[PDB]
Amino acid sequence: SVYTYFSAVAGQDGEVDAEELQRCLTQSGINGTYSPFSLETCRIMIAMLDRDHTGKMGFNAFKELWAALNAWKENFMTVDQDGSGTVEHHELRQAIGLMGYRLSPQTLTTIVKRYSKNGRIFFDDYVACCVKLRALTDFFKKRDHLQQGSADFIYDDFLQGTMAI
């Protein structure tokens, strides 16, 4: 019943903005026993799939988001050794590697320190991390024309993309 939750909050244009996406996801109960999603997290979700640069999301893109969310949640449940509903530093760093990222120790530490609350990473931040990593990497890859692991950005292009995400 993915469509039921989506259509219940979509605007007359048949799309959801971040606030409506938050409402849709919350009503769907996809987070299960974990924390519900925050508006910021949903804003990053919109950015991740915002190919039209509109701040909105149609159902086809939502379907893609839904499947990705299903996947990241499973990964969370997998690395969440204990039940708790929150993961420890080591488990987050592990999850990131599990998703295919090869980040330096310093970078992983930066990510951990931004989200850590009493040494734990809550579900909303875990997902925000997954979505933001993907969106920033997609954005970066498009400017890495020679496929070298480097990119040269013009200020206005850099600011547009990073402010959006």
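Each residue number is its position in the shown sequence, starting from 1.
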| query | finding |
| --- | --- |
| Average Cα temperature factor in the PDB entry - higher stretch of 104-112, 46-54 | 46-54 |
| Stretch exceeding the other in mean C-alpha B-factor - 148-156, 14-22 | 148-156 |
| Among modelled residues of the same chain, the CA temperature factor third for residue 137 | lowest |
| Chain-relative CA temperature factor third for residue 41 | lowest |
| Where the record places residue 32 (Cα B-factor, split into thirds across the chain) | middle |
| B-factor third for the C-alpha atom of residue 65 within its chain | lowest |
| Modelled-residue ranking by C-alpha temperature factor, third containing residue 4 | highest |
